[PDB]
Structure formats: structure tokens, C-alpha cells
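Undergrad: Let me begin by handing over the structure; questions about it come next.
Any read-out appearing in this document is the output of simple, stated calculations on the displayed coordinates, not a laboratory observation. Quick reminder, even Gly has a Cβ in these numbers, built from the backbone with ideal geometry, and neighbours come from all protein chains shown.
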């Protein structure tokens, strides 16, 4: 049988931190969806169900963000910083 969802739960935390030449990379912005087959799935900045408005990818630095999904809206802030050393791959 097909696997679809029904109920949605907001589980995104404030962060939105991007490094120079790194572009977007939201990880705290994840949502938890409950399926009808008794299963839950979590993903950050993966699903295309949430649209962000106000964030300028062509210019970051203390920019406002507003995510809208279905009928809910959440506000957040983004801060861009210079890439650091020692990074795991």
C-alpha cells in the first residue's frame, strides 16, 4: 500500500547559519511528520513543503526569515560568518 502522511508537527529551531562560499545549510530547521503506517520522519531543509521568504541568498548577514507551511508561520534570523578551519568531511 501507499505511504502518505496526515499530521504535521513543527520542530524547527532558530539558527540558519551559513559560511562563506558554503551557501545555505539549515540543520536546525527540521519538521516531524507522522504517517498513517505508524511511522515518523524528520528532515531539515529537505522537504519542499516549507517556503522561506525574506532571506537573501545573494546577501546574508542578520536577515529575517519567515517560513510558511499549510497554515502556520514561523519567524527566524540568519547570520553569515567567515569559514573556519578544521572541518570534517
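Undergrad: Order by neighbour count: 18, 35, fewest other Cβ atoms within 10 Å first, most last.
TA: Taking fewest neighbouring Cβ atoms as first place, the list is 35, 18.
Undergrad: Another question about this same structure. Starting from the Cα-Cα distance between residue 69 and residue 89, subtract it from 0.36 nm times their residue separation and give me the gain in nm to one decimal.
TA: Net length gain for the segment: 4.0 nm.
Undergrad: Can you put 33, 80 in order, fewest other beta carbons within 10 Å first?
TA: The fewest-first ordering by Cβ neighbours comes to 80, 33.
Undergrad: Largest first and to the nearest Å, give the Cα extent of the chain along each principal axis.
TA: Principal extents (largest minus smallest coordinate, Cα): 47, 32, 18 Å.
Undergrad: Taking neighbour Cβ counts within 10 Å as the exposure measure, how do 8, 52 sort from fewest upward?
TA: 8, 52
Undergrad: Express in nm, to one decimal, how much length is gained between residue 36 and residue 10 on full extension, taking 0.36 nm for each residue of separation and deducting their alpha carbon distance.
TA: Result for the pair: 7.6 nm of gain on full extension.
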